[PDB]
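Chain letters run A, B, ... following the sequence lines, proteins first, then strands; residues in each count from 1.
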Amino acid sequence: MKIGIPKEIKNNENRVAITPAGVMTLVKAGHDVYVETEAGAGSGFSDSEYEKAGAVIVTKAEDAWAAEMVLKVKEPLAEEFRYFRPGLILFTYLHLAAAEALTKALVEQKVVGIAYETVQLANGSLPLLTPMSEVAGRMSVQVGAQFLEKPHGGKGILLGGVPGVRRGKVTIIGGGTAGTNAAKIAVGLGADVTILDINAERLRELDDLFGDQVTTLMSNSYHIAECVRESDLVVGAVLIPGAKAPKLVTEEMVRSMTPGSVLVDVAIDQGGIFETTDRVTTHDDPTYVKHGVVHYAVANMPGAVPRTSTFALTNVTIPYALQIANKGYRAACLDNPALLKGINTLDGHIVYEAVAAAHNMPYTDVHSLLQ
Amino acid sequence: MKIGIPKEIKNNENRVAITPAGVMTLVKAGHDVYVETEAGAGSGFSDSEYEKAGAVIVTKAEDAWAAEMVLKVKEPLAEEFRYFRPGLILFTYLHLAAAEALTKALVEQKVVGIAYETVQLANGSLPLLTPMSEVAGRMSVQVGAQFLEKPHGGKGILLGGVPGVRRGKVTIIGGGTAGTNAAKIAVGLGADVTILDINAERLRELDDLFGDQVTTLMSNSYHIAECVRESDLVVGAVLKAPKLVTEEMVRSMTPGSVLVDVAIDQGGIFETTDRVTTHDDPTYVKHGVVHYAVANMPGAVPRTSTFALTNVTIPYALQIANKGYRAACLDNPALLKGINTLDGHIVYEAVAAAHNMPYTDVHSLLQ
Amino acid sequence: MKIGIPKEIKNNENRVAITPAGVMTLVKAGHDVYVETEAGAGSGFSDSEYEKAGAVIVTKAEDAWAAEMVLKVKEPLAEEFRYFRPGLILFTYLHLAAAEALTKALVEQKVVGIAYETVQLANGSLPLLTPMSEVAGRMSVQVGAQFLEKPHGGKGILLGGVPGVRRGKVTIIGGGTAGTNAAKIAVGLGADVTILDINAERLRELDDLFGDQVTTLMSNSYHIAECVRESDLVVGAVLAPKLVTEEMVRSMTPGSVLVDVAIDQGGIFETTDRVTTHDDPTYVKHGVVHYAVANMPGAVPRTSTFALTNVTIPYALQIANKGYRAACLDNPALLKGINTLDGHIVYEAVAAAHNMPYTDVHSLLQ
Amino acid sequence: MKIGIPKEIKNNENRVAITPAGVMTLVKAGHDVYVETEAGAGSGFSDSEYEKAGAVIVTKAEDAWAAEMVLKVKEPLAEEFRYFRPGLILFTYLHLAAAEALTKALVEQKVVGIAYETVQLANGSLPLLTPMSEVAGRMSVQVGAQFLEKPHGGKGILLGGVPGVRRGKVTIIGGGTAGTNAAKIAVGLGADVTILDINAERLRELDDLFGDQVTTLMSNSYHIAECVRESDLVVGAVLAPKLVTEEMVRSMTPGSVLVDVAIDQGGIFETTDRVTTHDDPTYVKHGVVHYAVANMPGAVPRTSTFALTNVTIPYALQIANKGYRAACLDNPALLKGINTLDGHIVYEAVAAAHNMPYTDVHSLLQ
Ligand SMILES: NC(=O)c1ccc[n+]([C@@H]2O[C@H](COP(=O)([O-])OP(=O)(O)OC[C@H]3O[C@@H](n4cnc5c(N)ncnc54)[C@H](O)[C@@H]3O)[C@@H](O)[C@H]2O)c1
Ligand SMILES: NC(=O)c1ccc[n+]([C@@H]2O[C@H](COP(=O)([O-])OP(=O)(O)OC[C@H]3O[C@@H](n4cnc5c(N)ncnc54)[C@H](O)[C@@H]3O)[C@@H](O)[C@H]2O)c1
Ligand SMILES: NC(=O)c1ccc[n+]([C@@H]2O[C@H](COP(=O)([O-])OP(=O)(O)OC[C@H]3O[C@@H](n4cnc5c(N)ncnc54)[C@H](O)[C@@H]3O)[C@@H](O)[C@H]2O)c1
Ligand SMILES: NC(=O)c1ccc[n+]([C@@H]2O[C@H](COP(=O)([O-])OP(=O)(O)OC[C@H]3O[C@@H](n4cnc5c(N)ncnc54)[C@H](O)[C@@H]3O)[C@@H](O)[C@H]2O)c1
């Protein structure tokens, strides 16, 4: 197959959908790989690294979009709908559910739209989201430590203190992928770390992973209120895999906090777990203050570490791209029930039930269209 | 003794030379303690907490300086020379060898000028500087990781990577207090960490402290070049520091790599650091490499730094209060090395030599 | 039941199919246990330790094979065919797909041939192969360290260096049983350790298990090329594709070392054209030391004997308590051990391999 | 100053007295550095890496020895005496108490003979011996592990066992540099580790350094007897009394292994009557494998070269910058390195050993 990778145009998106490594994998299995000039530059991948891995650097966005399969990171924007052909394979984060101009255009132009965030294994996990939760978790406590400094608005402490000086107190609410990764960094910076979860089995796994390095605590509104009161930093790391994030930290809890404490709501991309998070912050404008407490709620924390973020995402997308390339999108999706759950749009139909259901649009079961 | 702690007035100085706990130590020993209103605000110590520990809050700087002994963090500014007077005991970071005007004013007003940073134990250690090298070391890698992010001008990596993704490389040049404390934080963030030192015995001690968590490496120009070339972050942690990292080495680094120097207000080890920045505008780029050039990293964590400093300064201050400066220094040879100015003389050789001013033997004045 | 353990007679085979602790389990459950004199000597178990645990020591191999069930480690050699007889239960590593003459002798003599290596749990795992994978993994890096010494042909480094001196770099390809166990020894000897696996979930589990002691890296030909170029030691622990090409070995520094856990199974190195023995253990290609000695668990026969017999004797106990038929109908994993029964090959792959008739084992056991 | 590094010519000596990094230090301080072609090949340093660091490669040993200061690892052999000349500075391991012919040649030719091994800090430590003690310690347990494998004569265990299988037991006698470094490798290979020392303060420091990873035990003939009887591996790391008697070795299980870091210095084992080489490395007494190969750092020449040159070249730099006289009057540790000067033996022990006149070094340097 002819495989195309255009540069990300969405503002300050420094991630790309392939590395020299993933180029070399597709080239060696017999595919043609075209990379838009400068696509890797945001992540430190020069055009000459991509070239020596076997890829053709094309001058123009349309020459990458030309290819049978387009690999991207972000949603195609207004300006990119144009490039949609019939039987174009598009593989990227789509979140069609609240993107109606995108969904009509992939319906109308008969693009095969394959979504990173709906590829799903039999145990129900989303392998293609996990890496971004890992990056966001590791970032959460690094960001927390920065905001604890007096210059950024915090009370002016190191999480680890120093000899003869008390350590900062970190509460992580949610003990899954994001929270576990956040706890690793909070332990490593020398914080006194409490992790809360509702799942007693996850608490036992965290106790096996961390031992005496953390305290595991059963999550309930009382325990959350007690931890928040005494916290220098609270990391929000809850997912209810369908829903909006539950509001676990109340205004009354935030008001119980000491001035210059910090909240980082990893869970903001689902609405966030803090009642007091009234809006989404940006890397440019990361924080506001309410009740003397610094609030950080950046979506795309992993956007801050695009080189790490790109490796982690393409480590697990390119193996699914190789299947589509090697066997055509059809044989590969019949062969791989997890890839199949990726098809969001096919031959003008909206084959994913929840996206048709949220745009008031027709839903055609995907299996009937494939046989 | 009547003891005074004014607010630090230097720009964005948020540390303070006493905490409520130190107030309690001095009040219980029978001393009167006067704290200037808001002196602890920048470190999160309220007037009310100081008052509850036994302090009198005074409204005016002048009323804290009126005390027999004044404790501070920074050197008095020109606008504070007015408070100097014969027999005033001043105990603070003075750095008199760099400050001709302050030296002359302490001499002219016959101030007992005691420098935190020249208090020196029999083994050569400077115990009132150590806590600030510890904070600076812990901060160096936190700041370096922050500048590694794409938004702050770096190449955009986590030092610890994530599963399936390689870690960042950290080179720490210097395995003393600052460097050891930097290595702790670099290990904790998940970096591949190399520590260079010239002293074989310190590398053996570091091997005992860290084992497999780091690689210890003998310092020479070749090994420094080799580590710098492949580093994402380099931390300068050597005690006027030699220029160990050359322009050629910085130019060998990948773009969006980061350099941080603990020693930057003493020149630092990097040829390419032409100036000191502030928290407002903290970095510049040379050869695509981020140069974090903020001096006084401990000042970014004033509460931790205030606890770290006052943990070791207040016991000395307590000796001066109980016994008077004279018996305290005659009883404590480490505290005696703290005396820089006394009764209109410079008694610290290096300060006399720095300004070509007369030197006086400290023991001869104390008798 | 009467249970016999002959001495292993393959050249330099020093493992044994039971220890005194396994004798004790079988004798306390009421079985008669016969051990050939010297059977355990190669693994440091005296005739006397077997006797005190309740075994009868027999002077001749014949008398151990005359038992109703024979426990062994390796496959019977040609000169052991003479001991086969209708209704003999033989429980050992058989590898019949590779052994036509052995397969035909088990058919003709109507032996119940139970293969350690086809006993298989519901989850697909081979619990009687696992312990040799663990031992080979642990051994792989110990051998690598040895071959990095100059007098053995290596560049002459310690993996952990010394204070002021850089560490060796160890790349482990495959994060399963063997590769995880290799990583434990690489970490403990003080190497800089990278483990590659194609499976993102395994990389996460490895991160949970090792944290900062190793780097986990997604496997692909590019990551492999980059790791191999920098490596002092590469351990192949994949289960067998040629992941490490000749160009990759050529990129290496002279006196680097390659070890495959997978050697008699082909291995992952294009440049390992043949297998060697302990008296001429390595060859050099492009200045790189290729360690090619099969069966590294054979070099620690006492450890390997304990690790194998720990998990074999519970299955033997079932056969002895119930007889093979009810043991197999009660234990689906043990049922999959049966390769030959009443003159039939009951394991499809083995039948295929020799162009012989296959019979469904369930039909014969009824 | 002009500084020469000949190739070591003692049989199988693969270490070298400088690396490219040491060349670079000496050339940047303005010295001329001459390296004999192949000097570094045995430690993986090409003529080319030396040239890029600023050395001149010389075809003949003669041309390296013609330098004003000669850096070596080992003592000059008889056939190297011809290179000696009045005022030559030779900095190397000399061991003159053991080498009459070498001592007489250094006197007669008026060589400034500076011994790496008599450089001594104010605290009594020998900073240029320490790194070989570290390397030998790390090597001792790696060798022990190798000799516990059956094909090398051992009982056939892994030190760390495997899951469900007991670990090997390692006794380290002496908790100094070598014995501490041995303990690190014993712990990392997964051994049960006991370290004995007569010094209670060292046992506390060892407890601080290892905590629950080892047991610390006060040394006395009873504790030694009990540890040795149970040991799979005993590492002698004492600095040389016969702490391990023949009765103690006789109490051991067959295929156990003894390694002394101290072997060419006598060692602590009554039963090690002689030293061996890598081609016949062990002998067996009372079924116990005695490893008797001298100079284990010689087996990792690259690691050992880095570890030695890390601490030797700073002293060489001083000699080259100031000349030997002012370097020694400025550096009391380096002063103690001087063994021969202007036709005098200036190190009492060496004079004593050969019944020769002693001269006070301070009197000659004035
Ligand atoms: N752009 C970004 O910044 C970015 C990118 C990707 C993912 N993430 C986010 O990381 C956040 C967490 O996701 P994850 O992958 O760790 O989810 P996860 O499913 O792996 O773990 C979430 C945990 O929350 C626990 N939980 C549920 N209700 C709880 C309660 N009341 N109290 C405490 N714990 C509770 C669950 O038991 C589970 O262990 C999500 O919002 C996810 O979107 C953010
Ligand atoms: N606010 C602050 O940042 C702050 C406060 C106090 C002191 N300091 C500064 O911290 C710096 C260093 O602090 P420390 O506590 O680590 O010092 P330290 O005195 O404990 O030791 C410095 C280490 O560097 C090593 N060293 C010397 N030369 C070297 C070389 N050429 N290559 C490699 N290693 C070499 C020494 O052997 C030593 O182990 C000093 O420059 C001092 O001025 C900073
Ligand atoms: N005599 C003996 O030495 C002996 C005895 C028994 C087993 N073994 C050997 O053990 C070896 C494997 O042992 P195991 O139990 O650890 O295997 P395993 O199946 O437990 O693990 C294999 C791992 O390799 C990974 N993998 C697959 N393809 C890969 C690629 N291209 N790159 C990187 N990783 C990849 C898998 O995801 C898996 O985690 C086999 O080769 C087998 O022959 C040897
Ligand atoms: N070529 C080489 O292999 C090489 C090179 C240099 C040094 N070395 C060797 O290293 C060996 C020792 O090295 P080190 O630097 O570790 O020594 P060290 O002096 O640092 O430590 C010796 C330790 O043994 C202890 N000790 C004394 N008597 C004891 C007894 N009866 N039982 C138990 N402990 C006792 C001491 O308290 C001390 O802690 C020497 O024997 C020396 O020959 C070898």
Side-chain angles (χ1 to χ4, degrees), chain A residues 12 14-15 42-44 130-135 137-139 141-143 145-146 148-152 154-168 181 184-190 258-260 282-284 286 298 301-312 315-316, chain B residues 12 14-15 42-44 130-135 137-139 141-143 145-146 148-152 154-168 181 184-190 254-256 278-280 282 294 297-308 311-312:
Chain A
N12 285 118
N14 283 302
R15 292 177 299 184
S43 294
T130 299
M132 290 312 88
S133 293
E134 288 172 328
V135 176
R138 303 276 184 112
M139 279 292 289
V141 180
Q142 176 164 311
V143 166
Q146 297 168 24
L148 274 179
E149 302 172 6
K150 191 55 162 205
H152 299 104
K155 68 183 71 191
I157 65 166
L158 288 173
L159 283 180
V162 281
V165 179
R166 288 193 204 72
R167 307 170 175 280
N181 277 284
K184 308 206 191 221
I185 298 295
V187 164
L189 291 176
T258 52
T282 66
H283 285 293
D284 289 334
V298 173
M301 261 180 293
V305 289
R307 188 166 170 77
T308 302
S309 281
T310 280
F311 278 125
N315 276 352
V316 289
Chain B
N12 294 136
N14 286 319
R15 300 174 285 176
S43 284
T130 300
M132 293 301 98
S133 309
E134 297 175 326
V135 176
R138 300 289 185 94
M139 276 293 328
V141 175
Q142 167 167 323
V143 159
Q146 169 191 356
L148 276 183
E149 303 171 17
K150 199 72 206 196
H152 295 114
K155 76 181 72 176
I157 60 155
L158 291 169
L159 280 183
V162 286
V165 178
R166 290 173 205 260
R167 308 163 173 283
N181 277 279
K184 290 187 208 228
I185 294 304
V187 163
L189 286 175
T254 60
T278 55
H279 293 291
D280 322 293
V294 180
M297 282 184 298
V301 284
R303 189 170 172 83
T304 300
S305 298
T306 294
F307 284 122
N311 281 351
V312 290

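Contact record, B/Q142 with A/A145: NE2-O, 3.5 Å, taken as the closest heavy-atom pair.
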Just list the side-chain donor-acceptor pairs under 3.5 Å for residues 159-168 of chain A, sequence neighbours left out, or say none.
{"residue": "A/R167", "atom": "NH1", "partner": "A/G190", "partner atom": "O", "Å": "2.7"}

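Counting heavy atoms from C-beta outward, A/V135 and B/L158 have side chains that approach closer than 4.5 Å.
Checking A/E149 against B/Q146 by side-chain atom types alone, no donor-acceptor pair falls below 3.5 Å.
Not counting sequence neighbours, A/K150 has no partner by the salt bridge (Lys or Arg N to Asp or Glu O under 4.0 Å) test.
Annotation: maximal heavy-atom pairing with chain A below 4.5 Å, among B/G154, B/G299, B/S305, B/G42, occurs at B/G42. Of all the listed residues (A/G137, A/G260, A/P151, A/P259), the one sharing the greatest number of non-hydrogen pairs under 4.5 Å with chain B is A/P151. The most heavy-atom pairs under 4.5 Å with chain B, out of A/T130, A/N181, A/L189, A/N14, come from A/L189. Ranked by non-hydrogen atom pairs under 4.5 Å with chain A, the options B/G156, B/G44, B/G188 are led by B/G156.
Between the CD1 atom in A/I157 and the CZ atom in B/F307 there is a gap of 9.5 Å [rounded to 0.5 Å].
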